[PDB]
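What follows is a single structure, written as structure tokens, with notes after it.
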Amino acid sequence: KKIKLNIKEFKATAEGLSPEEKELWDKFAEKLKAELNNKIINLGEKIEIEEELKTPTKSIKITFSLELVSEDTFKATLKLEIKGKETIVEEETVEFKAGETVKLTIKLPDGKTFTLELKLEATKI
């Protein structure tokens, strides 16, 4: 069976970000908001939305994964991966219900925080 998602509420904020990090985060957030609104997803289906910054010295990939675990029930992961001299990964996984706000947060060294808050409508179709 299928559901159609809609973004009821959405808020992406950040602290301590460098200009390029903030640009990337805002672009990711807008991409996520547009991709999730009107998204059709099947029971048990996992989807992923990603945005990447590539430069010769470093790559930054932000990914949001969403799984329709059961009726009105979701599992999401927000993940940041930086590939430089070494590779750093930070991520958070949350389980939440349709119609309730969920918050996902990434914290990095030097006072950097990425925060995503959203509320999903799940319409049976």
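Chain labels follow the order of the structure tokens: the first chain is A, the next B, and so on; residue numbering restarts at 1 in every chain, and ligands are counted from 1 in their shown order.
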Report task. Excluding residue 109 (chain A) and residues on its chain fewer than 6 positions from it, collect all residues at most 12 Å away from it, counting only C-alpha atoms, and give them as a PyMOL selection string. Result -> chain A and resi 15-17+88-90
Requested in this report: Pick out the residues sitting within 10 Å of residue 84 (chain A), and hand them over as a ChimeraX atom specification; count only C-alpha atoms, and ignore anything fewer than 2 positions along from it in its own chain.
Outcome: /A:55-60,81-82,86-88
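Counting from CA of residue 96 (chain A), the distance to CA of residue 52 (chain A) is 26.1 Å.
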Query raised in the report: Hey, which of A:64, A:10, A:25, A:74 ends up closest to residue 50 (chain A)? Count only C-alpha atoms.
Result: A:64
Requested in this report: Would you mind reading off the distance between CA of residue 51 (chain A) and CA of residue 24 (chain A), one decimal, in Å?
Outcome: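 Computing it gives 7.5 Å between the two atoms.
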Report task. Extract the full set of strand (DSSP E or B) residues from region 15-122 of chain A according to DSSP on the backbone, and format it as a ChimeraX atom specification. Result -> /A:15,40-42,46-54,59-70,73-83,87-97,102-108,112-122
Query raised in the report: In terms of the shortest atom-to-atom distance over only C-alpha atoms, which of A:61, A:107, A:119, A:1 is closest to residue 37 (chain A)?
Result: A:119
**Report entry** Nearby residues (only C-alpha atoms) at most 8 Å from residue 117 (chain A), same-chain spacing under 3 positions excluded, as a list in words
**Finding:**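 Residues near the query, excluding close chain neighbours: residues 9, 10, 11, 12, 101, 102, 103 and 104 of chain A.
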Query raised in the report: Between CA of residue 31 (chain A) and CA of residue 49 (chain A), what is the distance, to one decimal in Å?
Result: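 Distance reported for this atom pair: 7.8 Å.
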Query raised in the report: Got a sec to tell me which of chain A DSSP assigns to helix (DSSP H, G or I), as a ChimeraX atom specification?
Result: /A:19-36
Query raised in the report: Near residue 105 (chain A), counting only C-alpha atoms, which residues have an atom at most 8 Å away, once you skip same-chain residues fewer than 2 positions from it, shown as a PyMOL selection string?
Result: chain A and resi 78+91-92+103+107+113-116
**Report entry** Which of A:27, A:46, A:4, A:97 sits closest to residue 124 (chain A) [using only C-alpha atoms]
**Finding:**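 The shortest atom-to-atom distance to residue 124 (chain A) comes from A:4.
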Query raised in the report: Counting only C-alpha atoms, which of A:63, A:41, A:83, A:29 gets nearest to residue 14 (chain A)?
Result: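 Nearest candidate to residue 14 (chain A) out of A:63, A:41, A:83, A:29: A:29.
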Query raised in the report: Which of these, A:22, A:38, A:28, A:8, has the shortest distance to residue 125 (chain A) once you count only C-alpha atoms?
Result: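 The answer is A:38, which sits nearest to residue 125 (chain A).
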**Report entry** Given only C-alpha atoms as the counted atoms, nearest of A:53, A:47, A:33, A:123 to residue 20 (chain A)
**Finding:**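 Among the listed residues, A:53 lies closest to residue 20 (chain A).
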Query - residue 122 (chain A) surroundings by only C-alpha atoms, 9 Å radius, close-in-sequence under 2 positions cut, as a list in words - result: residues 3, 4, 5, 6, 71, 72, 98, 99, 120 and 124 of chain A
